[PDB]
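# Residue-level structure breakdown
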8 protein chains.
Amino acid sequence: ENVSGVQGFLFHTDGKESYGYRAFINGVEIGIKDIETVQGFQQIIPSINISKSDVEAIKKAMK
Amino acid sequence: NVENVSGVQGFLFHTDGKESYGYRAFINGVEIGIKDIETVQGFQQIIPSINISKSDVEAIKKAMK
Amino acid sequence: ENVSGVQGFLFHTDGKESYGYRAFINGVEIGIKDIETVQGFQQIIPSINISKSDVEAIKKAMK
Amino acid sequence: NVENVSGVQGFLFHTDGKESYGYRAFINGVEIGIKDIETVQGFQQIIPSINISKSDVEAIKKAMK
Amino acid sequence: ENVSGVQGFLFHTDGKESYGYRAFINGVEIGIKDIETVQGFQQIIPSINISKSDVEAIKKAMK
Amino acid sequence: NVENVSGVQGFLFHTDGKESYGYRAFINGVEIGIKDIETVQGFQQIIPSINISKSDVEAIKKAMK
Amino acid sequence: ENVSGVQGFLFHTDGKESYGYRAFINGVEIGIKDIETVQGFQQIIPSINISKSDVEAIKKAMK
Amino acid sequence: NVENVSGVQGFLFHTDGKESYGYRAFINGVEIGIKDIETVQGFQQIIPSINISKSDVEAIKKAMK
């Protein structure tokens, strides 16, 4: 079972124009300001790459 | 049969046949086109990636509705 | 958990009169036209044999 | 205790006693007769196959309703 | 997952007055007439001992 | 963390202290007394069997309601 | 699956003023009087430390 | 991916950066401050403990609502 009470993922792009790290947490999209928080959540949710051009489509599907 | 922590159910699909349609995906029941290979590799970390002929996409869309 | 979002199976017969490959996907019966698609779905759902004479009964139970 | 991907719950049943009734199955709560051994072998890939005496089938049907 | 679609158990007593084999199948109590059927269901559900004097209490809890 | 096929959730309980109350059980939220050791051994195949002091039974009943 | 029908945990403090052992059992807070019962439930639920000053906050979250 | 018997979902969080806020937790969707290290070590037996910058706590609260 998911003891952490969190479902979702971190996402970022390694392309030319970064949007920082963001996350979907329990169906809510948030921005992450600090790398400490990124590494903290990487202990409990996956962290994947999403290009800047694709974030809008993924946002729609995660609604 | 392991816990899904990502809150994402679905799969990537493409064809290796004639008439590529690029990469697409079903993400929580929503069909999307994928524009960049980076995003394909990212979602391949959390959902399966399978082959679907161009001729079969419409039928699969009707089941994934 | 079923990360793929698909529940069901492919079915076909090896008997004298083929009906091609079909599948039940999330309770919806579809025909599959291309072997590429069959092999794609064999990565994520089972593929079993069902004789032509038995498909009608299985259809009823999968309603 | 592993994930069931097939969307099928049930079992095949037959008797090895006197008075065979062939192979039958419960598929998602629906009782069916099976006409061909090919179908028996196919469903044996995804659901259990057990023995039930002819005299016990009616009782099992009432529980599998 | 429970692919068989059956939840329950077989029960019998080895005491002086047998009541045969019975079973709870999906919350329904039935008698089992033939040992072939007992061994068939032992492939998919547990088989435990319950004394004749205790069957009434277990019936109440399985209602 | 394995599949429960028995359709029974609960546990047997007894005390090894002063003032035995015999063996009892919670079976799907119903508290019962057990009359025969055979039944204790049978249910020990499918549900846990733990020790509860006589003085604590009332509190546990209120949680298992 | 949780065959025992119990979800929760035992809690106590090793600090200067003990409150005994308590437990949350299926969302119900109870006191435990006897160590036999503590060891019995330690067979089936976790047993953690909670300081006396923190029990009120944990009670609120377990409501 | 193992059974959670504790009836608790959530996590402990603290920062190692400038401006500590101590240890806090989400417990079944309720945010709490933790006053004693004993309680931190106790909950570390049953829920994860992760790092969250002070600047990110407000955003995480909005998702954990």
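Conventions we followed
- Here the residue numbering is sequential from 1 along each chain as its sequence is written and may not follow the entry numbering; residues with no coordinates are omitted from view.
- Throughout, the order in which chains and ligands are written sets their labels, letters from A for the former and numbers from 1 for the latter.
- Calculated side-chain values reflect all of the structure's heavy atoms, with hydrogen atoms and water omitted.
- Residues with missing side-chain atoms are left out of burial classes, side-chain pairs and their counts.
- In DSSP terms, a helix is any run of H or I states spanning at least four residues, a strand is any run of E spanning at least two, and both are numbered starting from the N terminus.
- Here the globule rule reads 2.2 Å times residues to the power 0.38, and the radius of gyration is calculated from C-alpha atoms.
- We call two residues in contact when some of their heavy atoms are within 4.5 Å.
- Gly falls in the polar group here, along with every residue not listed as nonpolar (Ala, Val, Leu, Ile, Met, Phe, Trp, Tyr, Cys, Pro) or charged (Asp, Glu, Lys, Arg).
- Pairing of aromatic side chains requires ring centres within 6.5 Å, counting the rings of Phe and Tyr and the six-membered ring of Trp. Pairs whose planes differ by under 30 degrees are stacked, by over 60 edge-to-face, and all others tilted.
- What makes a salt bridge here is a side-chain nitrogen of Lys or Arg within 4 Å of a carboxyl oxygen of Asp or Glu, nothing more.
- Burial here depends on accessible area, computed with a 1.4 Å probe over protein chains only, as a share of the maximum for the residue type. Under 20% is buried, over 50% is exposed, and the range in between is partly exposed.
- Two strands pair under a simple rule: DSSP has to find at least two bridges between them.
- Between N-to-C directions, angles cover 0 to 180 degrees, with each direction set by a line fitted to C-alpha atoms, over the stretch in contact for helices.

- As recorded in the entry header, the structure was determined using X-ray crystallography to a resolution of 1.70 Å.

### Details of the overall build of chain A
- Scanning chain A from terminus to terminus reveals two helices and four strands.
- In chain A, the succession of helices and strands from N to C terminus is β-β-β-α-β-α.
- In terms of overall dimensions, chain A is globule-like: its C-alpha atoms have a radius of gyration of 12 Å, near the 11 Å expected for 63 residues.
- C-alpha atoms of chain A, sized along the principal axes, occupy 35 × 25 × 15 Å.

### Let's talk about the overall build of chain B
- When its secondary structure is counted, chain B shows two helices and four strands.
- Ordering the α and β elements of chain B from the N terminus gives β-β-β-α-β-α.
- Whereas a compact globule of 65 residues would reach a radius of gyration of roughly 11 Å, chain B reaches 12 Å, a difference of no more than 12%.
- Taken along the three principal axes of its C-alpha coordinates, chain B extends 35 × 25 × 20 Å.
- Of the contacts formed within chain B by residues at least 6 apart in sequence, a portion of 48% connects residues at least 24 apart.

### Some details on the interface of chain A and chain H
- Counting from both sides, the interface comprises 20 residues of chain A and, opposite them, 25 residues of chain H.
- Listed by contribution, the elements that provide at least two residues to the side of chain A that touches chain H are β3 (28–32) and α1 (35–41) of chain A.
- Each residue belonging to the side of chain A that touches chain H can be placed in one class, and the counts come to eight nonpolar, eight polar and four charged.

### Let's talk about the packing of aromatic side chains
- Within the structure shown, the criterion is met by 40 aromatic pairs over all chains.
- Among the aromatic residues, ring-to-ring pairing joins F9, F11, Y19 and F24 of chain A together with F43 of chain B into one connected group.

### A word on the arrangement of the chains
- With no contact between them, chain D and chain G keep their nearest C-alpha atoms 9 Å apart.
- There is no contact between chain C and chain H; across them, the least C-alpha separation is 9 Å.

### A word on the pattern of salt bridges
Residue and element names in this part refer to chain A.
- Evaluated as defined, the whole model comprises 32 salt bridges over all chains.
- Notably, a salt bridge pairs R22 with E29, separated by 2.7 Å at the nearest N-O pair.
- Owing to a relative accessible area of 25%, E29 belongs among the partly exposed residues under this scheme.
- Linked by salt bridges that have partners in common, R22, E29, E56 and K59 make up one network.

### Description of the sheet that holds strand β1 (residues 8–12) of chain G
Residues and elements named next belong to chain G.
- Ordered by their spatial adjacency, four strands build an open sheet running β3-β2-β1-β4, and the pairing between neighbours is mixed. Taken across any chain shown, the strands that pair with only one partner, and hence form the sheet edges, are β3 (28–32) and β4 (47–49). Going across the sheet, the axis of each strand differs from the next one's by a mean of 30 degrees, ignoring polarity.
- The pairing of strand β2 (residues 21–25) with β3 spans five bridges and is classified as antiparallel. Its bridge partner being in β3, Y21 is matched across the sheet by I32.

### A few points about the sheet that holds strand β4 (residues 49–51) of chain B
Residue and element names in this part refer to chain B.
- An order of β3-β2-β1-β4 is seen for the four strands of this open sheet, with the pairing classed as mixed. Single-partner strands in this sheet number two, and they are β3 (30–33) and β4. Mean inter-strand twist for the sheet, computed between neighbouring axes without regard to direction, equals 25 degrees.
- Note: strand β1 (residues 10–14) against β4, three bridges, orientation parallel. Looking at β4, one finds that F13 is bridged to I50.

### Re the environment of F11 of chain A
Residues and elements named next belong to chain A.
- The residue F11 is located in strand β1 (residues 8–12) in this model.
- Relative accessible area serves as the criterion here: at 1%, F11 is assigned to the buried category.
- When the C-alpha atoms of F11 and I50 are compared, they prove to be 6.0 Å apart, with 39 residues separating the residues in sequence.
- In contact with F11, not counting residues within four places along its chain, are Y19, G20, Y21, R22, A23, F24, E29, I48, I50 and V55.

### A few points about the pairing of β1 of chain G
Residue and element names in this part refer to chain G.
- Among the five residues in β1, five count as buried, and that is most of the element.
- The side-chain alternation of β1 yields two buried faces, one formed by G8, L10 and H12 and the other by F9 and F11.
- Two elements, β1 and β2, share four bridges in a ladder whose sense is antiparallel. Paired with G8 across the strands is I25, a residue of β2.
- Pairing of β1 with β4 involves three bridges; the strand directions are parallel. Across the sheet, residue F11 finds its bridge partner in β4, namely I48.

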